[PDB]
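What follows is a single structure, written as C-alpha cells, with notes after it.
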Amino acid sequence: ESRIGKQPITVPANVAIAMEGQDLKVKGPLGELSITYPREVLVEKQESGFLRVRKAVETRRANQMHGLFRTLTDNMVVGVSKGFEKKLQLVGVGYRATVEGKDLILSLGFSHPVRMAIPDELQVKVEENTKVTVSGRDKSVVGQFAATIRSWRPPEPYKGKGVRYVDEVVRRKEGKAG
RNA sequence: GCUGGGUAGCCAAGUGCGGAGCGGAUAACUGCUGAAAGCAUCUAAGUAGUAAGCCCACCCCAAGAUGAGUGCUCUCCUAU
C-alpha cells in the first residue's frame, strides 16, 4: 500500500549501479557514497530502466521502511549527479558572511567572528557578504551543516533579524508591545 | 616571684599554590534526512548540536586485586 513505493525509481542518464554484497554502490560522476540494506529488503534491478524494491511482511517494515529506502536512492543517485542546495538569508545591521580560504567567517556581532569550518568534501556558494547558499551532494549531510548556521541566531520575532530559511515564513510578532 | 625582650620548633592574623579540557557519553531542548499516512512529522533506520549533573582526565592511596599483576637485579654452601 506504499504510494511512494508503488512509484518506480527514476534512473537518470549516467547512473553507475553496482553491488558491494548488501550495499548499492552509488558512485555517479562527481564522487562516491554508501547505502546499507537489511535482509528483509532486496532491491530489484528489473532490466527495464526503472527500479522497484521488495517487501517482506512479517514485521511492518513493508509499510514504513520503504519510505526511507525507496526515497534514499531517489536522492542518493541524483545527489551525486546534480547535488541538493539549501539557502540562507542573513538580515540585520552588520551581518557579514565572508570566506577566507577553508573556513567561513560569519561576523554576526558576538565579539570574535564565528569560524564555521567547511567540512571534508562539501563546498559552499556565497551570493554576497549578505547572503549564502550551501551546495553539495546528499540531502542529509548538506542539511546538518546548513542547519548549524541557522542555529547561531534563529529567525527572531520582532525584526526578522539574524539567519533565515529562504522558503520559511517566520513570524514578526508586534515588537515594543505596539 | 613579677615584668621586658626573644633563635630553633610549633603556630596563624603571615607566605606560596590550587579550582584548569575544542575529551566522552547523556538530561530537558533545538535539529537534519525521512516514511507509516503521495502531504506533514527530531524517529520507527541513521545522524548533529547540546548542562556546576554522569564517566575519563587533576591529586593522594592501592596486587590481602587469594583475580595476590609486571619489570630489573642478587642468592642457592653444609655442621656450617
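Residue 217 is where the first sequence ends in the deposited numbering, and the numbering goes up by one at each step.
No residue lacks a Cβ here, since even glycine has one placed at the ideal position from N, Cα and C.
For residue j and residue i, believed in contact at Cβ under 8 Å, the rounded distance
i	j	result
residue 199	residue 209	6 Å
residue 163	residue 171	7 Å
residue 72	residue 115	6 Å
Candidates the options, of which the one nearest residue i by Cα
i	options	result
residue 61	54, 77 and 52	77
residue 186	133, 177, 126 and 105	126
DSSP state of residue i mapped onto helix, strand, coil
i	result
residue 179	helix
residue 144	strand
residue 117	helix
residue 74	coil
residue 81	coil
residue 157	coil
residue 214	helix
residue 46	coil
residue 185	helix
residue 63	strand
residue 131	coil
residue 106	helix
residue 99	coil
residue 90	strand
residue 112	helix
Inter-residue spacing [alpha-carbon to alpha-carbon] between residue i and residue j
i	j	result
residue 112	residue 48	8 Å
residue 56	residue 173	27 Å
residue 44	residue 66	23 Å
residue 194	residue 52	40 Å
Sub-8 Å separation of residue i and residue j beta-carbons
i	j	result
residue 118	residue 42	no
residue 202	residue 143	no
residue 50	residue 88	yes
residue 90	residue 79	no
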